[PDB]
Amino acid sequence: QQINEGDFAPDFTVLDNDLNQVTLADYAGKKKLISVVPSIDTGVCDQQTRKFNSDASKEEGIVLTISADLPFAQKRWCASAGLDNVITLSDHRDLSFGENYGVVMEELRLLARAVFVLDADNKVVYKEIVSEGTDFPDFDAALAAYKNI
């Protein structure tokens, strides 16, 4: 479905690294920067995940990384990066998040590179679906929208 800035963000069901079900309500009351990647096991998506996590204030809100990687890959990625403060969530089972946010690459069954910023009421205050041929998402614009809440 198509996400528009100003709308309230739809809910979704994804899996954390321990296979617990996670929904948007698990981060109630917080602003969210949602960084969506095709796979954390590719270099550009690795860099995108690290930069949003290091540059966003995590005492201010939450940075979620969502992909169709299996939970097992996301857990192993965090361990190899040596990072215990990074949230990774897996949309592999149902593409609940991908379908609700309009970011499924259907022929690949992977999620498109994308960034959403939600305020603490889950109003969508920023959206980028990264265009083809673009090197990286606009980190600064997304970080500014997240910081401005």
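Start at 1 and count along the sequence shown; that's the residue number.
**Q** Of the two stretches 128-136 and 10-18, which shows the higher Cα B-factor on average in the entry?
**A** So the stretch with the higher mean C-alpha B-factor is 128-136.
**Q** Looking at the entry, does 98-106 or 58-66 show the higher mean C-alpha B-factor?
**A** Mean B over CA atoms: larger for 58-66.
**Q** From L83, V117, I87, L111, can you pick the one with the highest C-alpha B factor in the entry?
**A** In this record, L83 carries the highest C-alpha B-factor of the candidates.
**Q** Per the entry's values, where does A142 land by CA temperature factor relative to the rest of its chain, in the lowest, middle or highest third?
**A** Ranked within chain, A142 CA B lands in the lowest tercile.
**Q** For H92, does the deposited CA B-factor place it in the lowest, middle or highest third of the chain?
**A** As the PDB entry reports it, the C-alpha B-factor of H92 lands in the middle third of its chain.
**Q** Tell me, lowest, middle or highest third: where does the Cα B factor of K30 rank within its chain?
**A** For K30, the deposited C-alpha B-factor lands in the highest third.
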